[PDB]
Amino acid sequence: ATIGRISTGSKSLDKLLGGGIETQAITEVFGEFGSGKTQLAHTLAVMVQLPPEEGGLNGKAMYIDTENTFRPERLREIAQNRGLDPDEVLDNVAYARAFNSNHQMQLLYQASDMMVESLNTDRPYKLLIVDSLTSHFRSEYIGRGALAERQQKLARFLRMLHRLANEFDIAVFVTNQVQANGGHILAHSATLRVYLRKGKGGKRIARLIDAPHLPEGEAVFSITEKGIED
Ligand SMILES: [Cl-]
């Protein structure tokens with residue numbers, strides 16, 4: 001299947017990403033608390049629903065939340081300010097709370113179920129958000145004696161996400177709270193990594209790092225009544 005791209009709402013960020021976030025891939029935004037990761041996720045959940053000419057993939061979204069970050073009223077606001085029917089937009093975002101790391105992995109079976117049900121419809125799933133990828137793994141596997149198991153369980157979760165991305169031709173977008181002001185996670189991955197931070201004058205700065213097929217660079221964007229914009 002053709003690799004599809006979902007607009008972020010920011011022309012500059014889309015340019016940095018080679019046109020938008022990709023289907024058949026896991027995009028991982030990382031950065032400090034307050035860097036805009038959840039705002040980007042919410043905006044993508046709306047943008048995916050739009051036609052291609054408007055930055056979407058005529059799709060629906062599923063949003064897995066681990067730290068009570070999902071805000072339906074924020075989706076409604078983004079939808080309304082983009083000229084859409086907020087009730088319709090909300091109906092196209094399937095919410096699931098993950099209570100712990102084992103449940104978080106269980107929810108991928110539910111995701112898979114929903115994706116096959118919608119597959120040959122005029123509105124298939126095109127986006128799975130996991131906000132956040134790592135929080136329950138970090139809270140449940142603490143200290144040296146649990147580190148190996150944390151890594152194995154997270155690796156298994158990421159493998160399952162890649163399977164969903166590739167089997168159902170969806171974009172997977174995950175968030176990760178990290179403090180690395182150099183903008184690099186040491187651990188190697190098969191995610192497309194974007195480092196987010198606060199910039200000057202209310203803006204956010206995204207830095208694309210370690211992509212095989214896109215050059216490293218930065219883009220500036222704002223958080224607004226429309227979600228993310230330049
Ligand atoms: Cl990976």
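Residue indices begin at 1 and follow the sequence shown.
For the residue pair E229 and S10, no side-chain donor N or O sits within less than 3.5 Å of a side-chain acceptor on the partner. Between the side chains of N176 and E28, at least one donor N or O sits under 3.5 Å from an acceptor N or O. With hydrogens and angles left out, the side-chain atoms of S12 and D230 include no donor and acceptor closer than 3.5 Å. Side-chain contact of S132 with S135: a donor-acceptor pair under 3.5 Å is present, judged by distance alone. With hydrogens and angles left out, the side-chain atoms of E77 and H42 include no donor and acceptor closer than 3.5 Å. Judged by distance alone, the side chains of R123 and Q49 never bring a donor and an acceptor atom under 3.5 Å apart.
Screening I129, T66, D131 for a side chain to side chain contact (heavy atoms under 4.5 Å, CB included) with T175, the sole residue that qualifies is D131.
Contact check on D14 versus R5 returns no salt bridge, with no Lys/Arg side-chain nitrogen under 4.0 Å from an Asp/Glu carboxylate oxygen. Between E218 and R197, at least one side-chain nitrogen of the basic residue sits less than 4.0 Å from a carboxylate oxygen of the acidic one, meeting the salt-bridge criterion. A salt bridge does not link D91 to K60: none of the charged nitrogens lies less than 4.0 Å from a carboxylate oxygen.
Within a 6.0 Å sphere centred on CG of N181, heavy atoms belonging to other residues, nucleotides or ligands number 12 at most. The environment of CD in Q179 is crowded: more than 12 heavy-atom neighbours from other residues, nucleotides or ligands sit within 6.0 Å. In the displayed structure, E216 atom CD is contacted under 6.0 Å by more than 12 heavy atoms of other residues, nucleotides or ligands.
Aromatic ring orientation, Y95 versus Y63: tilted (interplanar angle from 30° to 60°).
In summary, the aromatic rings of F99 and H136 are positioned with their centroids too far apart to meet the 6.0 Å limit. Two rings, from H184 and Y195, have their centers 6.0 Å or more apart.
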